[PDB]
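A.B. asks: Provided below: coords28.cif, containing mmCIF, C-alpha atoms.
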data_start
loop_
_atom_site.label_atom_id
_atom_site.label_comp_id
_atom_site.auth_asym_id
_atom_site.auth_seq_id
_atom_site.Cartn_x
_atom_site.Cartn_y
_atom_site.Cartn_z
CA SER A 1 104.39 9.88 56.99
CA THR A 2 104.70 6.11 56.99
CA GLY A 3 106.22 3.38 54.86
CA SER A 4 105.51 -0.34 54.50
CA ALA A 5 107.60 -2.83 52.50
CA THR A 6 107.54 -6.59 52.13
CA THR A 7 110.72 -8.45 53.05
CA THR A 8 111.41 -11.81 51.40
CA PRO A 9 113.77 -14.67 52.36
CA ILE A 10 116.67 -15.07 49.93
CA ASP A 11 116.55 -18.88 50.04
CA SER A 12 114.66 -21.86 51.47
CA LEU A 13 116.50 -21.60 54.82
CA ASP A 14 115.72 -17.94 55.58
CA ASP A 15 119.45 -17.19 55.52
CA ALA A 16 118.65 -13.49 55.06
CA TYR A 17 115.79 -11.28 53.92
CA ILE A 18 115.71 -8.72 51.09
CA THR A 19 113.50 -5.66 50.81
CA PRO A 20 113.13 -3.54 47.64
CA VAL A 21 114.43 0.03 47.93
CA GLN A 22 114.06 2.80 45.35
CA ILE A 23 117.22 4.89 44.87
CA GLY A 24 117.57 7.93 42.62
CA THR A 25 115.59 9.60 39.87
CA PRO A 26 114.25 7.80 37.92
CA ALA A 27 114.11 5.12 40.60
CA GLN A 28 116.64 2.30 40.54
CA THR A 29 115.20 -0.54 42.61
CA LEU A 30 117.74 -2.58 44.56
CA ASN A 31 117.00 -5.43 46.97
CA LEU A 32 118.70 -4.60 50.25
CA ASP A 33 119.30 -6.54 53.46
CA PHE A 34 117.78 -4.45 56.26
CA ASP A 35 120.29 -4.75 59.10
CA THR A 36 119.54 -3.61 62.66
CA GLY A 37 123.15 -4.58 63.49
CA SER A 38 124.86 -1.90 61.39
CA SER A 39 124.42 1.70 60.32
CA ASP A 40 125.58 2.04 56.70
CA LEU A 41 123.36 2.04 53.61
CA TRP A 42 125.68 0.65 50.94
CA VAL A 43 125.04 -0.73 47.47
CA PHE A 44 126.64 -2.60 44.63
CA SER A 45 127.23 0.04 41.99
CA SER A 46 128.73 0.97 38.65
CA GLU A 47 131.90 1.63 40.67
CA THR A 48 132.18 -1.89 42.13
CA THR A 49 135.22 -3.84 40.89
CA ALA A 50 133.79 -5.84 37.99
CA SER A 51 135.23 -9.19 39.13
CA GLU A 52 133.41 -8.73 42.46
CA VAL A 53 129.93 -8.38 40.88
CA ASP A 54 128.14 -11.65 40.07
CA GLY A 55 124.45 -11.11 39.32
CA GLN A 56 123.62 -8.25 41.68
CA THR A 57 121.63 -5.25 40.52
CA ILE A 58 123.82 -2.16 40.63
CA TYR A 59 123.17 1.49 41.42
CA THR A 60 124.50 3.80 38.70
CA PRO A 61 124.64 7.34 40.14
CA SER A 62 125.41 8.91 36.75
CA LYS A 63 121.91 7.86 35.63
CA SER A 64 120.21 9.54 38.61
CA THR A 65 119.41 13.22 38.18
CA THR A 66 119.28 13.65 41.98
CA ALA A 67 122.60 11.95 42.80
CA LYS A 68 125.43 14.13 44.09
CA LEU A 69 128.93 12.97 44.98
CA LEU A 70 129.62 13.67 48.66
CA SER A 71 133.01 15.19 48.07
CA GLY A 72 135.88 13.56 49.94
CA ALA A 73 133.74 11.03 51.77
CA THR A 74 134.77 7.38 51.96
CA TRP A 75 133.51 4.41 53.91
CA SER A 76 134.85 1.03 54.96
CA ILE A 77 133.05 -1.54 57.08
CA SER A 78 134.00 -4.87 58.62
CA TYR A 79 131.15 -6.98 59.96
CA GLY A 80 131.13 -9.44 62.85
CA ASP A 81 131.17 -12.41 60.46
CA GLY A 82 134.40 -11.35 58.73
CA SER A 83 132.80 -9.83 55.63
CA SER A 84 133.62 -6.32 54.46
CA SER A 85 133.07 -3.63 51.86
CA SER A 86 134.25 -0.10 51.12
CA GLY A 87 133.88 2.77 48.68
CA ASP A 88 132.79 6.38 48.18
CA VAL A 89 129.53 8.19 48.92
CA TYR A 90 126.67 9.87 47.07
CA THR A 91 123.60 11.58 48.41
CA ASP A 92 120.36 10.71 46.64
CA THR A 93 116.65 10.21 47.17
CA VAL A 94 115.82 6.87 48.80
CA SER A 95 112.31 5.46 49.24
CA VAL A 96 111.20 2.38 51.18
CA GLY A 97 107.62 1.23 50.89
CA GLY A 98 106.36 4.71 50.01
CA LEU A 99 108.46 6.60 52.60
CA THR A 100 110.92 9.00 50.94
CA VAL A 101 114.13 10.53 52.32
CA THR A 102 115.94 13.17 50.28
CA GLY A 103 119.67 13.62 50.70
CA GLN A 104 120.27 10.12 52.06
CA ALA A 105 123.89 8.99 52.08
CA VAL A 106 124.13 6.10 49.61
CA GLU A 107 127.49 4.42 50.05
CA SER A 108 128.71 3.09 46.71
CA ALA A 109 130.89 0.00 46.92
CA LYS A 110 134.20 -0.02 45.12
CA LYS A 111 135.20 -3.29 46.84
CA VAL A 112 133.19 -6.08 48.47
CA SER A 113 134.40 -9.29 50.09
CA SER A 114 133.77 -12.72 48.63
CA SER A 115 130.63 -13.58 50.61
CA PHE A 116 128.88 -10.51 49.17
CA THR A 117 129.94 -11.35 45.61
CA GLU A 118 128.65 -14.90 46.11
CA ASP A 119 125.19 -13.70 47.31
CA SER A 120 123.63 -12.73 43.96
CA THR A 121 120.32 -11.93 45.69
CA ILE A 122 121.62 -9.15 47.97
CA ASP A 123 122.30 -5.81 46.25
CA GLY A 124 123.48 -4.08 49.42
CA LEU A 125 122.66 -3.36 53.05
CA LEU A 126 120.41 -0.81 54.74
CA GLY A 127 121.63 -0.23 58.27
CA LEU A 128 119.09 0.34 61.04
CA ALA A 129 121.34 0.47 64.12
CA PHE A 130 122.27 3.81 65.68
CA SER A 131 123.99 6.40 63.51
CA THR A 132 126.98 6.50 65.89
CA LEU A 133 128.17 3.30 64.12
CA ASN A 134 128.11 4.80 60.60
CA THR A 135 131.53 4.43 58.98
CA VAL A 136 131.56 7.40 56.59
CA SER A 137 134.66 9.57 57.00
CA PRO A 138 135.43 12.39 57.58
CA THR A 139 131.76 13.32 58.14
CA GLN A 140 129.65 10.56 59.68
CA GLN A 141 126.26 10.11 58.01
CA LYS A 142 122.77 9.32 59.33
CA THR A 143 120.81 6.14 58.74
CA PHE A 144 117.66 6.10 56.64
CA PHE A 145 115.60 5.81 59.82
CA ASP A 146 117.36 8.72 61.51
CA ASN A 147 116.75 10.89 58.44
CA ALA A 148 113.08 9.86 58.22
CA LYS A 149 112.31 10.00 61.94
CA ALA A 150 111.14 13.60 62.28
CA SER A 151 108.64 13.11 59.44
CA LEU A 152 107.21 9.80 60.66
CA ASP A 153 103.84 9.68 62.38
CA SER A 154 105.62 7.92 65.27
CA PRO A 155 109.43 7.48 65.60
CA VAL A 156 109.40 3.71 65.23
CA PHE A 157 109.96 0.90 62.78
CA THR A 158 108.80 -2.69 63.09
CA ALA A 159 110.24 -6.00 61.91
CA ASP A 160 107.80 -8.84 61.17
CA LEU A 161 109.99 -11.51 59.60
CA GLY A 162 108.38 -14.64 58.18
CA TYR A 163 109.29 -18.27 58.69
CA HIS A 164 109.89 -19.66 55.21
CA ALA A 165 107.64 -16.85 53.97
CA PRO A 166 107.67 -13.10 53.30
CA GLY A 167 107.18 -10.58 56.09
CA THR A 168 107.04 -6.83 56.55
CA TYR A 169 109.08 -3.81 57.62
CA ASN A 170 106.89 -0.85 58.63
CA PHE A 171 108.09 2.68 59.35
CA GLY A 172 106.19 5.19 61.45
CA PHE A 173 103.29 3.09 62.74
CA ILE A 174 102.50 -0.09 64.64
CA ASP A 175 100.13 -2.42 62.76
CA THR A 176 97.91 -3.66 65.58
CA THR A 177 96.58 -6.46 63.34
CA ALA A 178 100.04 -8.00 62.89
CA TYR A 179 100.46 -9.56 66.35
CA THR A 180 98.51 -11.36 69.05
CA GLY A 181 98.18 -10.30 72.68
CA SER A 182 100.12 -7.25 73.82
CA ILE A 183 103.55 -5.84 73.01
CA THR A 184 105.99 -5.99 75.92
CA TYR A 185 108.53 -3.18 75.87
CA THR A 186 112.00 -3.47 77.37
CA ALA A 187 114.89 -1.09 77.94
CA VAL A 188 117.64 -0.51 75.37
CA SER A 189 121.25 0.52 75.86
CA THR A 190 122.68 2.47 72.93
CA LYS A 191 126.19 2.60 74.40
CA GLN A 192 127.63 0.23 71.76
CA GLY A 193 125.44 1.62 68.94
CA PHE A 194 123.19 -1.45 68.86
CA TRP A 195 119.62 -2.28 69.86
CA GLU A 196 120.99 -3.89 73.02
CA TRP A 197 118.57 -5.28 75.61
CA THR A 198 118.38 -7.85 78.41
CA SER A 199 116.26 -10.98 78.09
CA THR A 200 114.85 -12.29 81.37
CA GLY A 201 115.59 -15.99 80.76
CA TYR A 202 114.80 -19.05 78.72
CA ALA A 203 113.14 -22.44 78.55
CA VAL A 204 113.89 -25.53 76.44
CA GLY A 205 110.84 -27.29 75.02
CA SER A 206 108.22 -27.89 77.71
CA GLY A 207 110.81 -27.46 80.47
CA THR A 208 110.72 -24.98 83.31
CA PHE A 209 111.65 -21.36 82.68
CA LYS A 210 115.10 -20.37 83.94
CA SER A 211 115.15 -16.78 85.16
CA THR A 212 118.50 -15.28 84.19
CA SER A 213 119.59 -12.01 82.59
CA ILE A 214 120.92 -12.42 79.04
CA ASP A 215 122.24 -9.20 77.49
CA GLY A 216 122.21 -9.20 73.70
CA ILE A 217 121.38 -7.33 70.52
CA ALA A 218 118.40 -7.51 68.19
CA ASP A 219 120.14 -8.03 64.82
CA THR A 220 118.06 -8.64 61.71
CA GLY A 221 121.31 -9.01 59.77
CA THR A 222 122.37 -12.14 61.68
CA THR A 223 120.72 -15.40 60.61
CA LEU A 224 120.97 -17.44 63.82
CA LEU A 225 120.47 -17.12 67.59
CA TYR A 226 123.78 -16.85 69.47
CA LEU A 227 123.57 -17.33 73.24
CA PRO A 228 125.87 -18.25 76.14
CA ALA A 229 127.41 -21.70 75.99
CA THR A 230 125.52 -22.84 79.11
CA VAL A 231 122.16 -22.04 77.50
CA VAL A 232 123.08 -23.56 74.15
CA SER A 233 124.36 -26.78 75.76
CA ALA A 234 121.10 -27.07 77.72
CA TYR A 235 119.13 -26.78 74.48
CA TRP A 236 121.11 -29.32 72.42
CA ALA A 237 121.23 -31.80 75.31
CA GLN A 238 117.52 -32.36 74.58
CA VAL A 239 118.24 -33.54 71.00
CA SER A 240 119.53 -37.10 70.77
CA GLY A 241 122.77 -37.23 68.83
CA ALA A 242 123.37 -33.48 68.78
CA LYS A 243 126.93 -32.36 69.34
CA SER A 244 129.26 -29.42 68.83
CA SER A 245 131.51 -30.06 65.85
CA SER A 246 134.73 -28.05 65.70
CA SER A 247 135.17 -29.05 62.05
CA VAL A 248 131.73 -27.84 60.98
CA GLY A 249 131.80 -24.77 63.22
CA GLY A 250 128.98 -25.33 65.68
CA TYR A 251 126.25 -27.60 66.90
CA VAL A 252 124.95 -30.19 64.45
CA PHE A 253 122.18 -32.71 64.93
CA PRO A 254 120.73 -35.74 63.13
CA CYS A 255 118.42 -34.63 60.36
CA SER A 256 115.98 -37.32 61.55
CA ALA A 257 115.46 -35.46 64.85
CA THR A 258 112.41 -33.45 65.87
CA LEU A 259 113.69 -30.30 67.55
CA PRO A 260 112.22 -28.83 70.76
CA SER A 261 111.06 -25.26 70.92
CA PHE A 262 113.11 -22.54 72.63
CA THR A 263 111.48 -19.80 74.73
CA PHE A 264 113.09 -16.48 75.61
CA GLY A 265 111.85 -13.94 78.13
CA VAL A 266 110.97 -10.31 77.46
CA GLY A 267 110.13 -8.90 80.86
CA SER A 268 107.38 -11.13 82.20
CA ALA A 269 106.38 -12.13 78.65
CA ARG A 270 107.61 -15.13 76.69
CA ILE A 271 108.42 -15.60 72.99
CA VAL A 272 108.37 -19.20 71.76
CA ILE A 273 110.63 -20.20 68.86
CA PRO A 274 109.18 -23.39 67.35
CA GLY A 275 111.61 -26.27 66.93
CA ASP A 276 111.32 -26.19 63.14
CA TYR A 277 112.74 -22.64 63.12
CA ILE A 278 116.00 -24.05 64.57
CA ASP A 279 116.63 -26.48 61.67
CA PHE A 280 119.11 -25.08 59.12
CA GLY A 281 119.30 -28.24 57.08
CA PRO A 282 122.09 -30.50 55.88
CA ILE A 283 125.63 -29.27 56.51
CA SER A 284 126.37 -30.20 52.87
CA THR A 285 124.11 -31.48 50.12
CA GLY A 286 122.95 -35.01 50.89
CA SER A 287 124.33 -35.13 54.42
CA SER A 288 122.25 -36.50 57.29
CA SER A 289 123.93 -34.07 59.69
CA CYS A 290 121.96 -30.84 60.01
CA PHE A 291 123.14 -27.44 61.20
CA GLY A 292 121.56 -25.95 64.32
CA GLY A 293 119.94 -22.53 64.50
CA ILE A 294 120.98 -21.90 68.12
CA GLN A 295 124.75 -21.56 68.51
CA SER A 296 127.19 -20.43 71.17
CA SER A 297 128.16 -16.77 71.37
CA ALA A 298 131.43 -17.66 73.12
CA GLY A 299 134.17 -15.85 71.24
CA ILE A 300 131.77 -13.44 69.54
CA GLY A 301 131.79 -11.23 72.64
CA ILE A 302 128.05 -10.50 72.55
CA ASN A 303 124.82 -12.48 72.46
CA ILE A 304 122.85 -12.01 69.26
CA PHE A 305 119.08 -12.31 68.83
CA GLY A 306 119.21 -12.85 65.07
CA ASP A 307 116.53 -13.86 62.61
CA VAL A 308 115.82 -17.25 64.26
CA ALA A 309 114.61 -15.39 67.34
CA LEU A 310 113.18 -12.26 65.74
CA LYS A 311 111.01 -14.08 63.21
CA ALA A 312 109.11 -15.68 66.11
CA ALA A 313 107.94 -12.19 67.14
CA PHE A 314 106.54 -8.88 66.00
CA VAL A 315 109.37 -6.54 66.99
CA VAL A 316 109.10 -2.78 67.61
CA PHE A 317 112.25 -0.68 67.30
CA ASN A 318 111.16 2.44 69.18
CA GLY A 319 113.46 5.33 68.28
CA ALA A 320 112.05 7.85 70.72
CA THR A 321 114.44 10.07 72.67
CA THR A 322 114.94 7.13 75.03
CA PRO A 323 114.81 4.10 72.70
CA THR A 324 113.07 0.86 73.69
CA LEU A 325 112.34 -2.50 72.08
CA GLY A 326 108.94 -4.19 71.97
CA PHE A 327 108.14 -7.85 71.40
CA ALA A 328 104.77 -9.50 70.76
CA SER A 329 103.82 -13.02 69.78
CA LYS A 330 102.14 -13.39 66.40
#
Starting from the file, lay out its structure as structure tokens.
C.D. replies:
Amino acid sequence: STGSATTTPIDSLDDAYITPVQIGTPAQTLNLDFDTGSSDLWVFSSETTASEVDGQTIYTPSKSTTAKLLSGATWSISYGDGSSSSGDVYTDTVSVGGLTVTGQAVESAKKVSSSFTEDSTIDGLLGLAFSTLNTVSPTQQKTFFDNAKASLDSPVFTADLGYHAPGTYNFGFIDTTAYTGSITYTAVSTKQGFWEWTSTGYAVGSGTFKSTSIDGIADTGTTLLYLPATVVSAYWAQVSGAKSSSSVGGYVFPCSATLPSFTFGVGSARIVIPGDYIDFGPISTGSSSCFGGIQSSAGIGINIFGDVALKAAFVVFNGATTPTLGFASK
């Protein structure tokens, strides 16, 4: 089997992407944030504290003839950005882009933190990291991809995120028309439960490539590109007037600037992030200070290849017995 679903930016900055997912019988379609940095499929629901729901579409398990309470199971997750959610668990039928899993754990939120309530466009998350990170207790549950894997034509999914435009998540096949050149594959460590890999270096604009190992994770659920402070300083030094602002929380730059590109290495291959992808717009409405899309990972504890980096590539998440990651230009 295969599946193919369009993923759409939630706003004009590409802050996140939502993908429609069918849950239950008859189908209840919710728009979920596909997240290669976590391993829980959770949804706003009829059980979510009413004051914490503000415009999201909710899953109502009592209206699904295939929903079953997973007796005794609870979940609670805290994400790297300080957000959180928790609740109980149903199993139900879940379909993405024509690919159907029966008996998928659907984690129903009883509580969500403020940033989730404030994002009316995101009805929940669909985790695509390794199932070892799933938070369901006392019986850990499998991700949608892990449940689908055995049935897929090939044990892979691909992320093709758009810049200021829709893109695609495919399951079970590699669309050879969706990228240019060849796909370069690179080793993955699953020891922390993430799609963790080592970039071979970077370049700023038209500058020379610096060969240096940069360990990090491919995280579709993170908006920006978080890299070591040395690398980030080298980038912003090429933008007149750019500076790190403690009050704003990162590097800012004059909105009148033209940003240089940023290249990262994948083996001997190179992925180029155009300068425009690094512009996240005014820090507040009407400001002439703009927020940068490349930020320091110091204090996060890990480097993160988030959407800014991933949307410059066609990315293969190869879930074979020994997982690997593939990157192609597009």
A.B. asks: With the PyMOL selection byres ((chain A and resi 83) around 10) as the selection, what would be picked from this file? Answer as a list in words, please.
C.D. replies: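 Residues picked by the PyMOL selection byres ((chain A and resi 83) around 10): residues 77, 78, 79, 80, 81, 82, 84, 85, 112, 113, 114, 115 and 116 of chain A.
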A.B. asks: If you take all atoms listed in the file and a cut-off of 8 Å, which residues of segment 146-214 of chain A touch segment 300-311 of chain A, and what are their nearest atom pairs and distances in Å to one decimal, in chain and number order, as JSON lines?
C.D. replies:
{"residue": "A:159", "atom": "CA", "partner": "A:310", "partner_atom": "CA", "distance": 7.9}
{"residue": "A:160", "atom": "CA", "partner": "A:311", "partner_atom": "CA", "distance": 6.5}
{"residue": "A:161", "atom": "CA", "partner": "A:311", "partner_atom": "CA", "distance": 4.5}
{"residue": "A:162", "atom": "CA", "partner": "A:311", "partner_atom": "CA", "distance": 5.7}
{"residue": "A:163", "atom": "CA", "partner": "A:311", "partner_atom": "CA", "distance": 6.4}
{"residue": "A:214", "atom": "CA", "partner": "A:303", "partner_atom": "CA", "distance": 7.6}
A.B. asks: A:2, A:199, A:139, A:329: which is nearest residue 314 of chain A, counting all atoms listed in the file?
C.D. replies: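 Closest to residue 314 of chain A, using all atoms listed in the file: A:329.
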A.B. asks: I need the output of the PyMOL selection byres ((chain A and resi 141) around 12) for this file as a PyMOL selection string; which residues are they?
C.D. replies: chain A and resi 39-42+70+73-75+89-91+103-107+127+130-140+142-147
A.B. asks: Can you tell me which residues surround residue 60 of chain A at a distance of at most 10 Å, considering all atoms listed in the file, apart from same-chain residues fewer than 4 positions away, and format the answer as a VMD selection string?
C.D. replies: chain A and resid 23 to 24 28 43 to 47 64 67 108
A.B. asks: Kindly indicate which residue among A:169, A:157, A:236, A:185 lies nearest to residue 269 of chain A, using only C-alpha atoms for the distances.
C.D. replies: A:185
A.B. asks: Exactly which residues make up the result of the PyMOL selection byres ((chain A and resi 263) around 7) on this file, given as a count of residues only?
C.D. replies: 11
A.B. asks: Counting only C-alpha atoms, which residue out of A:292, A:97, A:193, A:286 sits closest to residue 235 of chain A?
C.D. replies: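 Nearest candidate to residue 235 of chain A out of A:292, A:97, A:193, A:286: A:292.
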A.B. asks: Which protein, DNA or RNA residues are at most 9 Å from (122.0, -29.9, 58.5) in the file's coordinates when you count all atoms listed in the file, listed as a list in words?
C.D. replies: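 Within the cut-off we find residues 252, 253, 254, 255, 279, 280, 281, 282, 283, 284, 285, 287, 288, 289, 290, 291 and 292 of chain A.
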A.B. asks: So how far away is atom CA of residue 266 of chain A from atom CA of residue 210 of chain A, in Å?
C.D. replies: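 These atoms are spaced 12.7 Å apart.
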A.B. asks: For segment 94-108 of chain A, where the input has fewer atoms than it should, I would like N, CA, C and O atoms rebuilt and written as an mmCIF file, keeping the file's coordinate frame.
C.D. replies:
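Full text of result25.cif as output:
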data_model
loop_
_atom_site.group_PDB
_atom_site.id
_atom_site.type_symbol
_atom_site.label_atom_id
_atom_site.label_comp_id
_atom_site.auth_asym_id
_atom_site.auth_seq_id
_atom_site.Cartn_x
_atom_site.Cartn_y
_atom_site.Cartn_z
ATOM 1 N N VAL A 94 116.014 8.286 48.493
ATOM 2 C CA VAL A 94 115.820 6.870 48.800
ATOM 3 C C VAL A 94 114.413 6.706 49.337
ATOM 4 O O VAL A 94 113.999 7.433 50.242
ATOM 5 N N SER A 95 113.672 5.736 48.794
ATOM 6 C CA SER A 95 112.310 5.460 49.240
ATOM 7 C C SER A 95 112.174 3.988 49.593
ATOM 8 O O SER A 95 112.678 3.113 48.873
ATOM 9 N N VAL A 96 111.487 3.725 50.703
ATOM 10 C CA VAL A 96 111.200 2.380 51.180
ATOM 11 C C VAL A 96 109.699 2.312 51.410
ATOM 12 O O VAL A 96 109.167 3.000 52.292
ATOM 13 N N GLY A 97 109.018 1.489 50.628
ATOM 14 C CA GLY A 97 107.620 1.230 50.890
ATOM 15 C C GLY A 97 106.775 2.479 50.914
ATOM 16 O O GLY A 97 105.821 2.566 51.696
ATOM 17 N N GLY A 98 107.105 3.466 50.069
ATOM 18 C CA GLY A 98 106.360 4.710 50.010
ATOM 19 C C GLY A 98 106.879 5.844 50.880
ATOM 20 O O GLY A 98 106.367 6.962 50.770
ATOM 21 N N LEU A 99 107.851 5.589 51.743
ATOM 22 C CA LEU A 99 108.460 6.600 52.600
ATOM 23 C C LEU A 99 109.736 7.097 51.942
ATOM 24 O O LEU A 99 110.632 6.300 51.653
ATOM 25 N N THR A 100 109.828 8.405 51.706
ATOM 26 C CA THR A 100 110.920 9.000 50.940
ATOM 27 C C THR A 100 111.804 9.875 51.825
ATOM 28 O O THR A 100 111.299 10.725 52.569
ATOM 29 N N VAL A 101 113.119 9.672 51.718
ATOM 30 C CA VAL A 101 114.130 10.530 52.320
ATOM 31 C C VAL A 101 114.928 11.170 51.188
ATOM 32 O O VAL A 101 115.453 10.465 50.325
ATOM 33 N N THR A 102 115.027 12.490 51.188
ATOM 34 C CA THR A 102 115.940 13.170 50.280
ATOM 35 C C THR A 102 117.288 13.376 50.958
ATOM 36 O O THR A 102 117.373 13.491 52.183
ATOM 37 N N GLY A 103 118.347 13.389 50.157
ATOM 38 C CA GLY A 103 119.670 13.620 50.700
ATOM 39 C C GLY A 103 120.224 12.490 51.537
ATOM 40 O O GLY A 103 121.116 12.724 52.359
ATOM 41 N N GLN A 104 119.733 11.269 51.352
ATOM 42 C CA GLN A 104 120.270 10.120 52.060
ATOM 43 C C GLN A 104 121.662 9.787 51.546
ATOM 44 O O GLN A 104 121.898 9.768 50.332
ATOM 45 N N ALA A 105 122.581 9.497 52.469
ATOM 46 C CA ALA A 105 123.890 8.990 52.080
ATOM 47 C C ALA A 105 123.759 7.568 51.562
ATOM 48 O O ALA A 105 123.309 6.664 52.285
ATOM 49 N N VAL A 106 124.123 7.387 50.293
ATOM 50 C CA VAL A 106 124.130 6.100 49.610
ATOM 51 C C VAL A 106 125.589 5.772 49.370
ATOM 52 O O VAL A 106 126.269 6.446 48.588
ATOM 53 N N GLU A 107 126.080 4.759 50.067
ATOM 54 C CA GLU A 107 127.490 4.420 50.050
ATOM 55 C C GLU A 107 127.726 3.431 48.913
ATOM 56 O O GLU A 107 127.188 2.326 48.911
ATOM 57 N N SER A 108 128.490 3.854 47.925
ATOM 58 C CA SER A 108 128.710 3.090 46.710
ATOM 59 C C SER A 108 129.940 2.217 46.878
ATOM 60 O O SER A 108 131.026 2.724 47.173
#
